[PDB]
Amino acid sequence: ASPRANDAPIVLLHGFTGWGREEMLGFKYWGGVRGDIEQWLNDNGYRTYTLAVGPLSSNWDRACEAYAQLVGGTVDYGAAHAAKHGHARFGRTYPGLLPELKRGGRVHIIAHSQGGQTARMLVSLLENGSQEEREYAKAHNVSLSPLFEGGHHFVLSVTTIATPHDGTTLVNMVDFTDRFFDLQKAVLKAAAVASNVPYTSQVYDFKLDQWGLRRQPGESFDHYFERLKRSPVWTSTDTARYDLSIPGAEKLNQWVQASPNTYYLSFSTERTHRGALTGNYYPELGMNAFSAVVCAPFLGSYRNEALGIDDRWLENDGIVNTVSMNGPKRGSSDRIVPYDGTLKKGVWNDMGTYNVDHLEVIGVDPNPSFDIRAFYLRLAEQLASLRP
Ligand SMILES: [Ca+2]
Ligand SMILES: [Zn+2]
């Protein structure tokens, strides 16, 4: 029970590789083959909008982009941050999806996977701003984005679904494969090529503008090639891959903390079964093919006791370790409590673990057994029941 206590709008925030509504020919990240989640929510009286930030970027960059997309304006990554990592300070300019957040309004954020880290960071920056950005701005006499001031509280709630709050060991597998096939560098080169091809961005927009991957106006190929080789993007830790790794996720948890003015809900996922002999976990029949063959095996068998990666990390949903989903724990002081019928502020409300994989939970992969429609409508109702 507990009816409508607020009419604050909802924004959907995708995770790693996530694309916007106008990309992928309309195939929705939030809905996939099952439908259009944003539309189902809107048709039911829940004002909903969809955010589309850097699919391969760091949570910091994605948070800054999310902020601009919400209140409108030109993306400002921060002069200190831009200088530190070697990329442009300013980005794209947006009209604003919810400028009402600038004058009292509040918003519910529903995020999937990496989106969970971005949402938490946006809240932390809004609330505390960035001391480093403030000091840098005053010391060099440059402008400061309101986002780094602190004292803002327009986010009412953050709901994470299958979010790797403590990271995912999948990155560890990528580290091993790096000795040969370097996945990140390959993805970047592909993005570099695409940035120069005409219509590509209409299908999949990499949103890596800050790195200047495309050949500029009168730039010759020769100059272009030389400039790219010198780019710091190839060896940068200012990427989603780093924030998603075990050590990167902890560093994020060290400063991104749960705000006492915001409600936090987490949903965990698993689509595996434990081997009686080894203790290792294997993908159930149904998990999307990609995950089942390429990711699940490593996720369900990789251990590193010295780093704290024990048997409790083997259960997974094909992409992320389940134990990493209930809330930040590694390098975190956040509190996680089991949902007891009453949602609380400043803590993670563990809404439970669901038998659906990483892609099925957003409809990208089919699973007739999963009533995706009901899951999101039921979530919307709970968010609407929250007391401001
Ligand atoms: Ca399936
Ligand atoms: Zn950055």
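Rules used throughout
- Residues numbered from 1 in each chain as written, not as in the entry; some residues may be left out.
- Chains lettered and ligands numbered in written order.
- Heavy atoms only, no water.
- Helix = DSSP H or I, 4+ residues; strand = E, 2+ residues; numbered from the N terminus.
- Contact = heavy atoms within 4.5 Å.
- Polar contact = N/O pair within 3.5 Å; in protein donor to acceptor, adjacent residues only side chain to side chain.
- Pairing = 2+ DSSP bridges.
- Axes fitted to C-alpha atoms, helices over the stretch in contact; angles between N-to-C directions.
- Donors = N, O, S within 2.8 Å, 3.2 Å for Na, K, Ca; no water.
- Buried < 20%, exposed > 50% of the residue type's maximum accessible area, 1.4 Å probe, protein only.
- Parallel < 35°, antiparallel > 145°, perpendicular 65-115°, else oblique.
- Left-handed = near helix turned anticlockwise from the far one by under 90°.
- Nonpolar A, V, L, I, M, F, W, Y, C, P; charged D, E, K, R; others polar.
- Core = buried A, V, L, I, M, F, W, Y, C linked by side-chain atoms within 4.5 Å.

1. A closer look at the environment of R21
And then number 1: With respect to the secondary-structure elements, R21 resides in the loop between β1 (10-13) and α1 (37-43).
And then number 2: For the pair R21 and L51, spaced 30 residues apart in the sequence, the C-alpha separation amounts to 8.8 Å.
And then number 3: Sequence-distant contacts of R21, defined by excluding residues within four places in its chain, comprise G26, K28, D36, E38 and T50.
And then number 4: At 2.9 Å, the side chain of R21 and the side chain of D36 are in polar contact.

2. Quick notes on the sheet that holds strand β2 (residues 48-51)
And then number 1: Strands sit in the order β2-β1-β5-β6-β7-β11-β10 across an open sheet of seven strands; the sheet is parallel. Either end of the sheet is taken by a strand with one partner, and the two such strands are β2 and β10 (336-338). On average, adjacent strands in this sheet sit at an angle of 25 degrees to one another, irrespective of strand direction.
And then number 2: For strand β6 (residues 155-161) and strand β7 (residues 263-269), the ladder comprises five bridges, and the chain directions are parallel. Of the residues in β7, the one forming a bridge with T160 is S266.
And then number 3: Sheet contacts for helix α4 (residues 115-128): β1, β5 (107-112), β6, β7 and β11 (348-354); angle to β5, the most-contacted strand, approximately 145 degrees.

3. Brief notes about the coordination of the zinc ion (ligand 2)
And then number 1: Donor atoms from the polypeptide that bind the zinc ion (ligand 2) are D61 (OD), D61 (OD), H81 (NE2), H87 (NE2) and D238 (OD), placed at 2.1 to 2.7 Å.
And then number 2: The motif formed by the donor residues of the zinc ion (ligand 2), counted along the single chain, is D-x19-H-x5-H-x150-D. Of this pair, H81 sits in helix α3 (residues 79-85) while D238 sits in the loop between α9 (221-229) and α10 (240-244); the two residues are 157 residues apart in sequence, bridging distant segments of the chain.
And then number 3: The buried category is assigned to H81, whose relative accessible area is 5%.
And then number 4: A relative accessible area of 5% places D238 in the buried class.

4. What to know about the environment of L377
And then number 1: Of note, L377 is situated in helix α13 (residues 372-385).
And then number 2: Of the residues examined, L377 reaches a relative accessible area of 18% and is grouped as buried.
And then number 3: With 340 residues separating them along the chain, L377 and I37 place their C-alpha atoms 8.9 Å apart.

5. Focus: the packing of helix α2 (residues 59-71) against α4
The packing of two helices is summarised by the inter-axis angle and the distance between the axes.
And then number 1: The N-to-C vectors of α2 and α4 enclose an angle of 70 degrees; their axes lie 9 Å apart at closest approach. With respect to α4, the axis of α2 lies roughly perpendicular. For α2 against α4, the interelement crossing comes out right-handed. Residues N59, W60, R62, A63, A66, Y67 and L70 of α2 form the contact with α4, whose own contacting residues are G115, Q117, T118, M121, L122, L125 and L126.
And then number 2: In terms of residue class, the contact of α2 with α4 is built from nine nonpolar, four polar and one charged.

6. Quick word on the nonpolar core
And then number 1: Counting 54 residues, the largest nonpolar core has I10, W30, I110, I161 and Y376 as the members making the most contacts within it.
And then number 2: When residues of this core are traced back to their parent elements, those giving at least two are β1, α1, β6, α6 (170-177), α7 (183-194), β7, α12 (289-299) and α13.
And then number 3: Counting residues per element, this core draws most heavily on α13, which supplies eight residues.
And then number 4: Leave out the neighbours within four places in its chain, and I10 touches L41, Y46, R47, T48, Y49, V107, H108, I110, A380 and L383.
And then number 5: Counting residues in hydrophobic clusters, the runner-up holds 35 residues, among them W60, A63, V75 and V158.

7. Structural notes on the coordination of the calcium ion (ligand 1)
And then number 1: Protein coordination at the calcium ion (ligand 1): the donors are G286 (O), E360 (OE), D365 (OD) and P366 (O), at 2.6 to 3.0 Å from the metal.
And then number 2: For the calcium ion (ligand 1), all donor residues lie on one chain, and their spacing in sequence is G-x73-E-x4-D-P. Taken together, the residues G286 in the loop between β9 (281-283) and α12 and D365 in the loop between β11 and α13 connect sequence positions 79 residues apart.
And then number 3: Taking the relative accessible area as the measure of exposure, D365 reaches 14% and is therefore buried.

8. Re the environment of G286
And then number 1: Residue classification places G286 among the partly exposed residues on the basis of a relative accessible area of 36%.
And then number 2: Spatially, the C-alpha atoms of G286 and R271 are 8.3 Å apart, while their sequence positions differ by 15 residues.
And then number 3: Setting aside its immediate chain neighbours within four residues, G286 contacts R271, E360 and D365.

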